[PDB]
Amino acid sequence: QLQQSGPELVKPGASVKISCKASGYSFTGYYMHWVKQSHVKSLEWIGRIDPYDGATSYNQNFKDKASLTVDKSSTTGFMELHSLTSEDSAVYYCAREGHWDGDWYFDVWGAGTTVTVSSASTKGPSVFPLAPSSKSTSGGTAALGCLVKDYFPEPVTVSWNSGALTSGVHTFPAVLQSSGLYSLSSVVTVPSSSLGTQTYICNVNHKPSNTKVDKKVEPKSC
């Protein structure tokens, strides 16, 4: 019921504007809050906005940083951040304060928007196939995958067969390389007998660089 914008790469000092598309409920009837997540243990409330008249209530820490606007025509809420620093790199959620049993709480959350603040420029990833072989077989099951290397910033989206292959898929958290570029891998376990009939394609989408790559992972003699 809440759709957010894609990940953003911002240079230090610039500004960013992220959107929160609402659907399926009375837009002007519930507050829309925004939350910053710097890391796993850091969760902070930014502010709220009344979509009916545009009344905005902010947290004192984000007075000069964030500003909440609304668009009743598209039923979309926006948050703009001004003069970004390194400490502004975080994930930003929008949430609805819903009603149930005569009480209010956040019952709908957006997926979150990743904002990376860096002077470095975006770099597209390189996709290499992790081809299955006799060395990647265990009990009639085979392993294959895709190595996504040398991209910046996070995140990169990996899917298999346009999202049709999900069972047994493990996409690893990215690692920081000495070059400052990230790298990760996505793997899936399949029946080794089905390597000749089935087609396995990994779909890598790096939105900050607008890089969509499809790689067919075929077996190899090894």
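The numbering used is simple: start at 1 and walk along the sequence shown.
- Averaged over Cα atoms, the B-factor as recorded in the entry is higher for 134 to 142 than for the other of 134 to 142 and 107 to 115.
- Averaged over Cα atoms, the B-factor as recorded in the entry is higher for 95 to 103 than for the other of 95 to 103 and 145 to 153.
- Taking only the listed residues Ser38, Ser192, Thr69, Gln177, the entry reports the highest CA temperature factor at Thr69.
- The residue among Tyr182, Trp34, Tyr52, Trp160 whose C-alpha atom has the highest B-factor in the PDB entry is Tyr52.
- For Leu81, the recorded CA temperature factor ranks within the highest third of the chain's modelled residues.
- The PDB entry assigns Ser57 a C-alpha temperature factor belonging to the highest third of its chain's modelled residues.
- Placement of the Cα temperature factor of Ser186 within the chain: lowest third of the modelled residues, per the deposited record.
- Per the deposited record, the Cα B-factor of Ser19 falls in the middle third when ranked against the other modelled residues of its chain.
- Per the deposited record, the Cα B-factor of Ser167 falls in the lowest third when ranked against the other modelled residues of its chain.
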